[PDB]
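# Topology and contacts: notes
Residue strings, one per chain:
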Amino acid sequence: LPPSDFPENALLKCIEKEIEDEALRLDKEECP
Amino acid sequence: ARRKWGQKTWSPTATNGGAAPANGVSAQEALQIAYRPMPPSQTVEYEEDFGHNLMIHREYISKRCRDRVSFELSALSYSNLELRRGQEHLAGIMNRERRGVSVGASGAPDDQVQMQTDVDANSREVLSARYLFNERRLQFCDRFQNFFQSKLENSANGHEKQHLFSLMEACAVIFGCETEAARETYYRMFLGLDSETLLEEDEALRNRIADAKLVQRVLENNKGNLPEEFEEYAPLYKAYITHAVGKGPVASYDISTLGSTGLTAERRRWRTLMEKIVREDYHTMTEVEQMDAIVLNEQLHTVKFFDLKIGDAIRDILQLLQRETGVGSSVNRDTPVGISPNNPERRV
Amino acid sequence: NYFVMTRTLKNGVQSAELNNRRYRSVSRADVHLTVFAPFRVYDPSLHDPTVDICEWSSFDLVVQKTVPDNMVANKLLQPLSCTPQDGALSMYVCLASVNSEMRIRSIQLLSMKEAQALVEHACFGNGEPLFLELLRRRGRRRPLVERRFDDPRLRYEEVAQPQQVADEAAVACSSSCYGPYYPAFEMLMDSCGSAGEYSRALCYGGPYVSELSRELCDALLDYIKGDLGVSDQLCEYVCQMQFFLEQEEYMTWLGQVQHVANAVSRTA
Amino acid sequence: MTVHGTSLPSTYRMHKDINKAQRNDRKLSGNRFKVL
Amino acid sequence: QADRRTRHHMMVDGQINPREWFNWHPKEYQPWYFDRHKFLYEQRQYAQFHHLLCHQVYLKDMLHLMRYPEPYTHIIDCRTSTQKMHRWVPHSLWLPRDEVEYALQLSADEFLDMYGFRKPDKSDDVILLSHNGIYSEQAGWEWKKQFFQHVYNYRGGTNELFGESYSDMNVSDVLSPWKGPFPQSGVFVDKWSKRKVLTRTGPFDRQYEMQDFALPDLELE
Amino acid sequence: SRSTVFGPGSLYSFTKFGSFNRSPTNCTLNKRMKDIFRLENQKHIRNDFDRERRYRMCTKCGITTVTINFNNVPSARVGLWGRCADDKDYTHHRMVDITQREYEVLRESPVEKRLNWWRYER
Amino acid sequence: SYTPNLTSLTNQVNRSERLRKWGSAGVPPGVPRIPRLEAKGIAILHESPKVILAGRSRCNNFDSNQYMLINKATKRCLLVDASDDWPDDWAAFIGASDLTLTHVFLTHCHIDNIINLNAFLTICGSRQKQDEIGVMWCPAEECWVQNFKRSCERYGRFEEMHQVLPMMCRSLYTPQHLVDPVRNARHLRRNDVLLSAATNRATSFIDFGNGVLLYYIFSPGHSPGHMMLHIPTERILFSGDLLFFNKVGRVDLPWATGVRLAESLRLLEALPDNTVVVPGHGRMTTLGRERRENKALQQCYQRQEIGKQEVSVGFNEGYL
Amino acid sequence: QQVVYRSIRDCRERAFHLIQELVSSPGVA
Amino acid sequence: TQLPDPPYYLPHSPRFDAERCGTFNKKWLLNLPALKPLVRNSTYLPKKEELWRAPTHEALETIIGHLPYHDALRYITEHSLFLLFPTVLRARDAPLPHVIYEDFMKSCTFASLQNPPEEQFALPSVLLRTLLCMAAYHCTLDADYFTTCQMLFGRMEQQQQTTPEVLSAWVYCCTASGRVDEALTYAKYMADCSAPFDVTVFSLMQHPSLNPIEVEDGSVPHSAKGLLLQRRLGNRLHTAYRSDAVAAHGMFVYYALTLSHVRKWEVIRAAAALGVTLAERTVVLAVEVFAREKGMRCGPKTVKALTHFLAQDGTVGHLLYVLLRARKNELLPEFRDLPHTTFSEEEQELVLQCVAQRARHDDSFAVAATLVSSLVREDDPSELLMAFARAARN
Amino acid sequence: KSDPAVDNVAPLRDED
Amino acid sequence: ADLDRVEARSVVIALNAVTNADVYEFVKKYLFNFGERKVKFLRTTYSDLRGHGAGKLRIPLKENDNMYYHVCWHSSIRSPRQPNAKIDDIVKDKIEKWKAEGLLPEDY
Amino acid sequence: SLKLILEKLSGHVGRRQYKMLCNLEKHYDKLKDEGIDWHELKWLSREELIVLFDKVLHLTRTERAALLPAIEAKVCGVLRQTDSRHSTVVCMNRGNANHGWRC
Ligand SMILES: [Zn+2]
Ligand SMILES: [Zn+2]
Ligand SMILES: [Zn+2]
Ligand SMILES: [Zn+2]
């Protein structure tokens, strides 16, 4: 993500940060 | 991650002084605190190297504020005019801060003088508008007066008067100081005779002199007659010459630079006169300095009554709203209401 | 009871007001904005005095994206799901003005799939029995003469540009990969009425924003105010325009009292 | 009446009227359940 | 009309939270006397310009200068709109109020070329007229801004001589109830004082006083 | 109170807390600590090239400054703690632009070695 | 109270409220000095093998308290909130017990704490003549030391008006004076401690000597900088103005936040019940008694349970 | 605008009238 | 003594002498030593007893004006003296006027006397006019100041009242930055809202000097006749025209007097493209400046704009000269690189329909009707010029 | 265009 | 003449007989010529001469309440506290617009 | 008690101090010389209120619309105790017919 064409480096890097920490946490269950 | 109200996640400690080590923090730990992970799309980084040591400066302003944030809180200067004016506006705030702590609190005990004020509620008469001096400054005041009472009682505004009183009172505050940083602070409240204010008009005059020879070079080379002190007119002639030849759309009309040469010559003569009294070398005074000492005493007599006249103006409004309503009373008038007092048909 | 305003950012969000101001004298898909603003503004300190709110005004924002034929760099590296050809993804950000301060109520992401799911397989084998019934009663409104309180710089440039951009997505979505589900999607995107608010309530509605991370809340506020251009200057303007057009509709209400009462006495 | 310009019966009446809104306006009915 | 509610965010404090943050504190303001009945420039907010108020010429003095005028008492009409003037006060010269600040900067010849009559000297009597005496009072301050020693004002000039019922139509600018003021929109001050400055004790149609400091009166109890 | 509304000593007056040392009277340090505290030697802008860099030099106090991303956020507050030649404010700098390569050869030299480099050379 | 500007003099209710509170006088009578009559002696409150707590109750007409921690091994004494109307018994007590006064702890800089602070350093500093006494305080109280002269005008303490505070003097954290080369009793105070608001259980303490540590806790809400003292080895908590017997501090004074005071009451719920809390006013209590029979703590947790995000607790009638 | 009709022939007339307006509006390239 | 003159390319005519007001005078440079003793005497303070016996209005102005900027705001905020806002506007260290407006609103929110907030936070319209005119004068010296004035006007619109005084100053703010399109489009919005253009800023728009704080103070004793003339013709032009015609006349004189001749013809380029009916004065004024420059700084669409305005209201000789100058500049070897003036099919019939409508009533347009058609369709035989000279001589 | 109830210049004008 | 020292029962009788409209506005500006001590005594005498002390006069007063309410207003004032053509074209242009918009329809 | 309820129905209401436009305090003096009390006003039926509102009080349609929330609730006119000697607090609880509309 280069900042020249993509000015939303504050949001796009923040949301992909929160995709993985909701995945690497072990409190969640993949089974219903 | 997402947080829940009332449920918090407990986390282990790093066991390094807590979150903030009160005993101290080293260089490489504070290096990471220096270059804090701010979003660089809205973060300006800046450093300056001054010989041995260097200073880092990092500022970040968020995107969700610039439509509602103040112009003073986020001093963003989108022009070169706002850069030069915004730096000068923020310089005067900082310079009064680092000078204002030298004479009030957090200052030397010999650099703190106080004023007493008592204003009458009825007659609006100022009583006891004195300064609160120590015993060293009061030994300077009678040393000033006993010399000047020895010279002005043989000839010539009454007997019990203080000769050049607002000049020696302004010099007694400067004489009793012990730090040079608080000495220039008292020079600034006394008509702005401090060395930082005098050096700015010396630079403004020498740039007007260097511009006066620039207009003298242009007008002599074009033709190949002038007023007396051309450097006062030199910002007004340069503004028209740059407007005439095409580089510049606006010519100047501001005549505040008129008389500026003899003004800053008088300001530097006022400055050298007052430090001549601080060293108590007033036993010999030339006729040029004595005519300067008379006009400086009346100029220093009205600058200490700036605060007392504003309070006097408010006290006039207080007695104005307490007046009797209407056009007046029948017992307290010498003139009829519907007639002018100088009217020829006054008495019907 | 409402007024809509549109905004089109060509060549992405980098053509916004905050990204264009710089210091002098020293491609992507276009973004289409649409702010629905009804006259719904009330004070919740009367019903409950424990709430320290003087003014609460709700207004909706629909942001859609459209790929132009001028971008060359990122043609088919990934299939773009924001296009009306591919899913027609749009973000419905319901906003609120809480004492002249913009607060997000919900962030919804709706596509043609969510309109297709609610109409065909929202239940086990059928759709929702109420969402199918609300689509069975959809009578059109009579044409009301709109008034043009636009920006003065774009007041005389082009007039029918929001009408052109409204049918630009309308012919693109009805002729899309999702063909018969666009009447279910227009009522899903219907911001004026109770059938559109119930249909958007059948979708997810987004997470609780105060339950989100604080890094997410500041980045979402930096995106809407800073990048998208929907700022507090607009958020203060919406409550002003809700107040001015309430005054404009009160005079038309006073003209209709006079028009009715004069028509009765001339016949009686 | 000379120094202050008011009297103590007139002082108590104007004191009760300068803050009438923040004194008592509601009954504060209802029940508050524990959320934690 | 019809009692438009206001868009300002002033609010009285609740019945649950304690009173806090007493470096700003609203209280009700009631002055001694009423001043709404008086002339506009002798009210409370114009009390600092009391010595700038021109001397009053009355009706019977105006009828005396109508019959027996003096060669250097210049009656000057300060009415601005030409549509609202219908009759001519005698021995008067037209100098509109919007042009007084530029008229008195002219020379002796340029005043004749721009107004058609000679510029009065700084020592003669000048008498100003208006509809209610408001435009003549604002012109009287501009006539006293320049060094004119004798500046006079007839309050209610046209409306009493000609018996008309007109006004100078000063708008006296008050914000429309959609214009939200400064302290709601801004981060100029911290959040505790922002909530406490916007607090008012009572209805918001009356006047209030903001205290910059307060100490608890421990001596009552 | 009402006395601390407008600066100096106001709410958002960031210069009322104090000033920096700006003196060689303490912490005589080496070239080692200056290099690890460079702006250019940090990781977060070493891989960043979209922001513009301006290398300037004072003609009076003799400092070498570098400011990056100034056109995006042109704050007038930056450099306010500069303290030019003899305890003056940062309005007495009168900076002149220098290039990238001649900034590196002037950064290691002392303050007097920068000044005669400008007057008698280049 | 505040500066009499133009609108405060032209207000009728300012002349009316001064008639209701003080009768026909209109001027509030100040808080005077306790005379040599009706004054009690210094009591020994606690004796422990590590330290000794000696105190005096109702030493001001603000009904404030004066305490002192006496270390048995180092013979070093420390005053907490040094405000006594007679700091002459305290100088004779440390002189007759072979003690050395090194620092003075201050929880907050109201007029109930620093009214006789210059008298404390002068009288106890004169006795050590036949190293000076330090002041330990928090820089958030800078706004209250500027208005120390304003507080003395309202409460009638005219003799302590024209006195520069010793914490206002140039310390090691300040730039120094550049005196003429041709006096450091007031020019430089090397013994001065500025406490930080980042208070933890790890490193935010004062080594009193012989292994007792005085953990200072930043707990605002009644004041901008409010530093409690907690001695975990002796179960002693100098709450200052935060917690008293069956009541908490005021919030109706400037720079006092009700929601900051509720967060200050929540940061003492990890301490045991036998921790004898020693307030700045009134009688001492235990922390377990205030968790059971204090309505201010009961309202603080009841609003927290029902879902109040900004819980605001605080008194408007009580101690300064 | 949306107009409701009662027949097939008037819908054939209007759609022929609608195409008369769309070709008189500017012919494509 | 011989100083050069800036090339305004303005007509020397007795009609347009009011537009000549605003030119800098070499007469004023000669009387500068005559005013040198007058400036020197005013730099000294009066005595203490004369200041003490001064009236309450005079002593407030002369001390607060000598006070620093922030200390003067402290006395205003404490005693609630809101009428001393023009005294602090002229301070010796007063910042840019976008800072002074927020400091004006900061003083009334922390003011000691609190009115109802619809009357408390409402600044007078002369203050908002003076604050923008200080900002517009700063836009003349640096055009990049407009971005902060856009943020300033974005807050003054939402906090103060939208008056024709504050909108006319904002047109002057957009004009001085070089924005030719949106300045005329804001003026057309005032004409559609029936808002009159302010004659005070109209005299200040045609004066690209004289920073308006020292104009109301009276620091320039001369040029007040020039200030009165522009206010009176602004009163004249509003009687028969709208507000966009008055503002477009002021933008033509401003760009002529700032030596920015490129943006001067963009005003006529924008006025025809927007639909603004120009006044008859600025049409004849545009002909004479085109005669002064001989069509040097002109484009193909600018001469298409002038011929459109002269067809609806204009003389035949002014229309014949601008078409003769455009075609002869095409024949010059200097302008052979630049493209020629081309009239499209719809606009050429429109200007011929208007010149035929004038020719049915007028005799001067009927004999020169085919000569107008010969000039726009590019086919100009010289025998039409030969018969024109033959009918003139006979 | 106004018809006033009272007038002070008019009785002085009629006798003159 | 000494306006504050006229008999107070004489002034409140001469002010009670003011019923014409143009001379009633003369009384409103003439009432400011009295003193503040006099104008609060004119209220108390006029209230008693029409109230309980009506027998002091030889003939009773006539009820002039519009003079009574103005004197009670004027005494409370002196005491301390304890463009029709251009507007009519605006409204006619709006009704012209609403008939074009269809908000004011014709007969059905 | 009839005096205070008509005072609260005419004063400012709420945290925003919304002024009640209709003044119901002008109908207080014509209510008490009839001899009808606030407790007697709750005993009036629907038939007796229309006679009182049209003939006696001459209440308008907007003044009757603001007084009807006080009558439909049957608010008891009992002066509650306060911290002061002069109490302006009435019990705003709804009355029951078993206890004479006294709540
Ligand atoms: Zn420098
Ligand atoms: Zn306290
Ligand atoms: Zn205490
Ligand atoms: Zn009850």
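Residues numbered from 1 in each chain as written, not as in the entry; some residues may be left out. Chains lettered and ligands numbered in written order. Part of a larger assembly, values for the part shown. Heavy atoms only, no water.

This entry lists cryo-EM as its structure determination method and reports a resolution of 3.3 Å.

## Re the nonpolar core
Among the nonpolar cores identified, the biggest contains 286 residues, and E:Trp143 and G:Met167 are the most heavily contacted of them. If sequence neighbours within four positions are ignored, E:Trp143 has contacts with E:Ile76, E:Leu95, E:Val100, E:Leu104, E:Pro120, E:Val126, E:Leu128, E:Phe148 and E:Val151. Residues C:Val13, C:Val93, C:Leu221 and C:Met241 belong to the second largest nonpolar core, which totals 35 residues. (Core = buried A, V, L, I, M, F, W, Y, C linked by side-chain atoms within 4.5 Å. Buried < 20%, exposed > 50% of the residue type's maximum accessible area, 1.4 Å probe, protein only. Contact = heavy atoms within 4.5 Å.)

## A word on the coordination of the zinc ion (ligand 1)
Residue and element names in this part refer to chain F. At 2.2 to 2.3 Å from the zinc ion (ligand 1) lie its protein donor atoms, namely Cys-58 (SG), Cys-61 (SG), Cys-84 (SG) and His-93 (ND1). Considering all four donor atoms around the zinc ion (ligand 1), the spread of angles at the metal, 97 to 119°, places the coordination shape in the tetrahedral class. Sequence positions of the donors to the zinc ion (ligand 1) reduce to the motif C-x2-C-x22-C-x8-H. Taken individually, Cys-84 and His-93 each receive the classification buried, so the pair is uniform in this respect. (Donors = N, O, S within 2.8 Å, 3.2 Å for Na, K, Ca; no water. Tetrahedral: all angles 85-135°; square planar, octahedral: opposite > 155°, others 65-115°.)

## Some remarks on the coordination of the zinc ion (ligand 4)
All names here are of chain L. For the zinc ion (ligand 4), every protein donor is listed as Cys-76 (SG), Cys-91 (SG) and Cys-103 (SG), and the spread of their distances is 2.3 to 2.4 Å. Mapped onto the sequence, the residues coordinating the zinc ion (ligand 4) show the spacing C-x14-C-x11-C. One end of the pair, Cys-76, is in the segment after α5 (61–72); the other, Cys-103, is in the segment after α5, with 27 residues separating them in the sequence. (Helix = DSSP H or I, 4+ residues; strand = E, 2+ residues; numbered from the N terminus.)

## Re the side chain of B:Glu266
Residue placement: B:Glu266 occurs in helix α8 (residues 260–278). In terms of polar contacts, B:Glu266 uses its side chain to reach the side chain of I:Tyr44, at 2.4 Å. Once you skip the residues sitting within four places of it in the chain, B:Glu266 turns out to touch B:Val295, I:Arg40 and I:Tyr44. (Polar contact = N/O pair within 3.5 Å; in protein donor to acceptor, adjacent residues only side chain to side chain.)

## Looking at the interface of chain B and chain F
Of the residues lining the interface, 47 residues belong to chain B; the matching set on chain F comes to 53 residues. Both sides of the chain B and chain F interface together cover about 4600 Å² of buried area, and 59% of this is carbon and sulfur. At the junction of chain B with chain F, the criterion picks out five salt bridges. When the shortest N-O distance is used, the salt bridge between B:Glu45 and F:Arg51 registers 2.8 Å. Of all the secondary structure elements, the ones that give two or more residues to the side of chain B that touches chain F are α1 (27–34), β1 (43–50), β2 (53–60), α2 (80–100) and α6 (195–223) of chain B. Ranked by the residues each element gives to the side of chain B that touches chain F, the list is headed by α2(B), at twelve residues. Taken together, the residues that form the side of chain B that touches chain F break down as 20 nonpolar, twelve polar and 15 charged. Bridging between β1(B) and strand β2 (residues 64–68) of chain F involves five bridges; their strand directions are antiparallel. Opposite B:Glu45, over in β2(F), you have F:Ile68 as the bridge partner. (Buried area = accessible area lost by both parts, 1.4 Å probe. Salt bridge = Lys/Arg side-chain N within 4 Å of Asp/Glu carboxyl O. Nonpolar A, V, L, I, M, F, W, Y, C, P; charged D, E, K, R; others polar. Pairing = 2+ DSSP bridges.)

## Concerning the packing of helix α21 (residues 316–331) of chain I against helix α24 (residues 369–376) of chain I
All names here are of chain I. Two numbers describe how α21 lies on α24: the axes approach to 10 Å, and their chain directions differ by 25°. By the angle between their axes, α21 is roughly parallel relative to α24. α21 and α24 meet at a crossing whose hand is left-handed. On the side of α21, the interface is formed by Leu-319, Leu-320, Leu-323, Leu-324 and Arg-327, while α24 contributes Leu-371, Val-372, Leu-375 and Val-376. For the contact of α21 with α24, the class distribution of residues is eight nonpolar, no polar and one charged. (Axes fitted to C-alpha atoms, helices over the stretch in contact; angles between N-to-C directions. Parallel < 35°, antiparallel > 145°, perpendicular 65-115°, else oblique. Left-handed = near helix turned anticlockwise from the far one by under 90°.)

## Re the side chain of F:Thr64
Within the element layout of this structure, F:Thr64 appears in strand β2. Residue F:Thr64 is classed as buried on the basis of its relative accessible area, which comes to 0%. With near-sequence residues (within four places) excluded, F:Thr64 lies in contact with B:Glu47, B:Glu48, B:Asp49, F:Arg56, F:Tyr103, F:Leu106, F:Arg107 and F:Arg114.

## A word on the sheet that holds strand β5 (residues 125–129) of chain E
Residues and elements named next belong to chain E. Taking strand neighbours across the sheet as the criterion, the five strands line up as β2-β6-β5-β3-β4 in an open arrangement whose pairing is parallel. Two strands in the sheet have a free side with no partner beyond their single neighbour: β2 (55–56) and β4 (92–94). In terms of strand pairing, strand β3 (residues 74–77) meets β5 through four bridges, oriented parallel. Paired with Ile-75 across the two strands is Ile-127, which belongs to β5.

## Some points on the sheet that holds strand β1 (residues 53–58) of chain F
Taken together, the five strands give an open sheet; going across it, the order is β2(B)-β1(B)-β2(F)-β1(F)-β3(F), and neighbouring strands pair in antiparallel fashion. Edge positions in the sheet fall to β2 of chain B together with β3 (95–98) of chain F, since each has one partner strand and no second. This sheet shows a mean twist of 25° between the axes of neighbouring strands, independent of strand direction. Lying over the sheet, helix α4 (residues 111–119) of chain F contacts β1 of chain B together with β1, β2 and β3 of chain F, oriented at roughly 90° with respect to β1(F).

## Quick notes on a negative patch on the surface
A grouping of K:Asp88, K:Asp89, K:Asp93 and K:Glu96 is seen on the molecular surface, where their side chains present a negatively charged patch. For K:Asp88, a relative accessible area of 47% corresponds to the partly exposed category. (Patch = residues over 30% accessible without salt bridge, like charges linked within 9 Å, V, L, I, M, F, W, Y side chains within 5 Å. Areas by Shrake-Rupley, 256 points an atom, 1.4 Å probe, with all protein chains shown as cover. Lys, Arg positive; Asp, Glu negative; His and termini not counted. Charge placed at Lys NZ, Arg CZ, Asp CG, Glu CD.)

## Comments concerning the environment of L:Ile50
All names here are of chain L. Within the secondary structure, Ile-50 sits in helix α4 (residues 46–56). Here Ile-50 falls in the partly exposed class, since its relative accessible area comes to 38%. The sequence separation of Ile-50 and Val-78 amounts to 28 residues, and the corresponding C-alpha distance is 25 Å.

## Focus: the packing of helix α12 (residues 164–176) of chain I against helix α13 (residues 181–192) of chain I
Residue and element names in this part refer to chain I. At a closest axis distance of 8 Å, the pairing of α12 and α13 adopts a crossing angle of 160°. For the element pair α12 / α13, the angle class is roughly antiparallel. Of the two possible hands of crossing, α12 and α13 adopt the one that is left-handed. Of the residues in α13, those in contact with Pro-164, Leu-167, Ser-168, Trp-170, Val-171, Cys-174 and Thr-175 of α12 are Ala-183, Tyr-186, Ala-187 and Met-190. Counted by class, the contact of α12 with α13 contains nine nonpolar, two polar and no charged residues.

## Digging into the pattern of salt bridges
All chains considered together, the criterion is met by 107 salt bridges over all chains. A salt bridge links B:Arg271 to B:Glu275; its shortest N-O distance comes to 2.5 Å. Of this pair, B:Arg271 and B:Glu275 both sit in helix α8, separated by four residues, roughly a single helical turn. In this structure, the salt-bridge partner of E:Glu101 is E:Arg97, at a minimum N-O distance of 3.3 Å. We classify E:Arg97 as buried; its relative accessible area is 15%. Residues joined in a network through salt bridges with shared partners are B:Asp49, F:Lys34, F:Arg38 and F:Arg114.

## Some points on the interface of chain I and chain B
Tallying the contact residues gives 69 residues for chain I and 59 residues for chain B. At the boundary of chain I with chain B, total buried surface from both sides reaches about 6000 Å², with 65% on carbon and sulfur atoms. In terms of surface lost to chain B, no three residues of chain I exceed I:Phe24, I:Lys36 and I:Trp52, which account for 12% of the buried area on that side. Joining chain I to chain B, the criterion identifies three salt bridges.

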